[PDB]
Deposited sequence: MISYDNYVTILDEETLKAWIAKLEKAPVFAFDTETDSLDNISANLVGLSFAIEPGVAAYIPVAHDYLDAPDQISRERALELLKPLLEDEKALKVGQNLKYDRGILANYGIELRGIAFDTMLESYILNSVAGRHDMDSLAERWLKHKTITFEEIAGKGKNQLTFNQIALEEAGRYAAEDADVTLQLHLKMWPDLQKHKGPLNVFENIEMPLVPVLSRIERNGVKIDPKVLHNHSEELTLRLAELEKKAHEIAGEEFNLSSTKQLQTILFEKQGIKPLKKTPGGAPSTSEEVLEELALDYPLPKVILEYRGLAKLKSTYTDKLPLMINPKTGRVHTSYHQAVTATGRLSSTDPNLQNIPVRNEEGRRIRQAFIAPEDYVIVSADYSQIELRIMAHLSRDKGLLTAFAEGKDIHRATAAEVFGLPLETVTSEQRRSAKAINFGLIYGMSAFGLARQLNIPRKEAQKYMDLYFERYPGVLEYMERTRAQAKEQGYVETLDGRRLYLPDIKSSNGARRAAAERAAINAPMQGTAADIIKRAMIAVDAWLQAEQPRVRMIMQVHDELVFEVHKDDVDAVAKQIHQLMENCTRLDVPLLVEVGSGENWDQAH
């Protein structure tokens, strides 16, 4: 178990000051905060926990207020006494998801420095795919110990308690164990993180410095016009009604716009061919093939998409606005992807359609406050630029070197014709090939995205590898070391472990071969992006210009910049991104500005 004996509950200044003194000479210490809510900007600190050594940890309750809650040190007094320590860059702290913690402190004008070790990130850099990187999963894996779960002390469902309603001693068992367990996890993982200079570098210079930048980006939030969102909502109801009428009008009677039920009984029953089309999907979409001549499938296609988008963003978004800030604060996840790229949720900015008009309207709702503008800094096909570098191809490298559209250069060489004459269908065939390589796409998969016959696709790829031989080598070389060492790495050292590389299973090992070729390019993009955020954020913190970094999505960073400052700030973001990262990959940053995210994008 864990009883009231394990950890102390600090209820008086004299004891806190005693701990503070010990904390000041500890080589590194684990620190934690407990709040009344998951919402960072509006949560109130209910208490703090520390651990100076395994088994030696304490819980400092400051704001429990249930009926008859014992006297506690006031939140204001505990913070003023703890502030010097917390803001000391020299006092090294350890924690699980320090991002959340740094933010809560910032609610009180305290700047958490010495953000040295985050056990979540230690775990993530050691092996991103080992499993879940949360403390409960970690403790069970490295310490064969099952931690006290939040549900165990608070409950479940709607009648779940908030931390401030939990008895002091129960609150302490949970809090103090978090502190203690975190320290123990660091003591086991930190040594391991040193057997390799690759992972080490990434964790030290990329992941750790990013913890406070993510916090600031999350807390800053993004201004969303709910009116716009609402109009778009009303209009999408009218358009969904019209499309339903247009579907009924093409044939007869009423029916749902669901395949393998109401569509097949119409579509093929009135000529076409039997099978359906899955919503597997991004490889064979029977519905959009007919769409070139057939009208009905076209309207069902465009219908579903609009219905998805409406409930996903148009209806969801306005409800995410925070009463306290009046802005939306998305959740970025640093230890979730296998390759190392930041993911996002509530909302998942990365699922907002790009090459589609309706997604563009979603983006128009992402607006700049009065006297400011949204500025978009993007890494133009950074992953393609990464592949050129990693494959040491003079062709590709030169295409970018002289500012040429790699898709048209590629086709100009693959199809053998002048660059100014390359057709849209050729540029489109080249691009399908270019992008297929990154994802390690099969010659048949390429045939499925391009709609050409098999072996016709195999013809194109053969021509590609002969004109760009350095790419075949890279591809093979990567599938080689991936089998040998069981992992692949990015330019900075980040690793992706491939456990099924020698699987003995067919498709499971194929997946591992695709991930192998892919990860090095994606992971490197991720590293480049993280390094850029740190760099730009460092300029922001030091120089304090009139700019806020508000989003990170795909290969772009989004800001709000003062309208009178646009030019000088844009020159700067441009230099920080294409120069203060990796000087080995030929990078290009496209900077745009507007009144909303769509205008700058």
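Subject >> Deposited-sequence stretches lacking C-alpha coordinates, listed in sequence order >> reply: That stretch is 280-283, the only one.
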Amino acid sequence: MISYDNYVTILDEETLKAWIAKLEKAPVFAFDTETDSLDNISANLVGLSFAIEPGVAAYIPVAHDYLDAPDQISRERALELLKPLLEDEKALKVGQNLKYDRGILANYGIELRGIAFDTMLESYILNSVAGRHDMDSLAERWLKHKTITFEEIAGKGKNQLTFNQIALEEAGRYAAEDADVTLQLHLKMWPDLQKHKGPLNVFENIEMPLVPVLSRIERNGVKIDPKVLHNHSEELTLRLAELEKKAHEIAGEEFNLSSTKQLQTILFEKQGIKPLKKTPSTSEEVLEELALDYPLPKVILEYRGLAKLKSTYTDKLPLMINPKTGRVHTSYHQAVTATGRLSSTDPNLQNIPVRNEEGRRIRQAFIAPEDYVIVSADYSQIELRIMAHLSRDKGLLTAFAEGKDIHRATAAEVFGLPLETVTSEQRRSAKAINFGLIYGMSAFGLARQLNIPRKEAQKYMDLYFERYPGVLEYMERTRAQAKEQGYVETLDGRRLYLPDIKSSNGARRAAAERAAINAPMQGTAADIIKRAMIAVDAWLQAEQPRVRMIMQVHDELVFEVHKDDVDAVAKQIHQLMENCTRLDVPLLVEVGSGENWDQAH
From here on, numbers count along this sequence of modelled residues.
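Rigid core: the largest C-alpha set superposing within 1.5 Å between the two forms.
**OP:** Compare 510-518 with 288-296 and report which one shows the larger root mean square C-alpha deviation from this form in 7 other deposited structures of this protein once the rigid core is superposed.
**Re:** After the core superposition, the stretch with higher RMS deviation in 7 other deposited structures of this protein is 288-296.
Original post:
Of the two stretches 168-176 and 330-338, which shows the higher Cα B-factor on average in the entry?
Top reply: The stretch with the larger mean CA B-factor is 330-338.
Original post:
Comparing 229-237 with 439-447, where is the mean C-alpha B-factor higher?
Top reply: The deposited B-factors put 439-447 ahead on the C-alpha mean.
**OP:** Specify which of 182, 380, 147, 194 carries the largest Cα B factor in the deposited PDB entry.
**Re:** Comparing C-alpha B-factors across 182, 380, 147, 194, the maximum falls on 194.
**OP:** Report the option among 202, 81, 463, 387 whose CA atom has the maximum B-factor in the deposited record.
**Re:** Of the candidates given, the C-alpha B-factor peaks at 463.
Original post:
If you rank the chain by CA B-factor, which third does residue 12 end up in: lowest, middle or highest?
Top reply: Bottom third by C-alpha B-factor.
Subject >> Where the record places residue 315 (Cα B-factor, split into thirds across the chain) >> reply: Middle third.
**OP:** Determine, from the deposited record, the chain-internal third of the Cα B-factor for residue 493: lowest, middle or highest.
**Re:** Middle third by C-alpha B-factor.
Subject >> Chain-relative CA temperature factor third for residue 577 >> reply: It belongs to the middle third of the chain when residues are ordered by C-alpha B-factor.
**OP:** Could you say whether, by C-alpha temperature factor, residue 410 belongs to the lowest, middle or highest third of its chain?
**Re:** Middle third.
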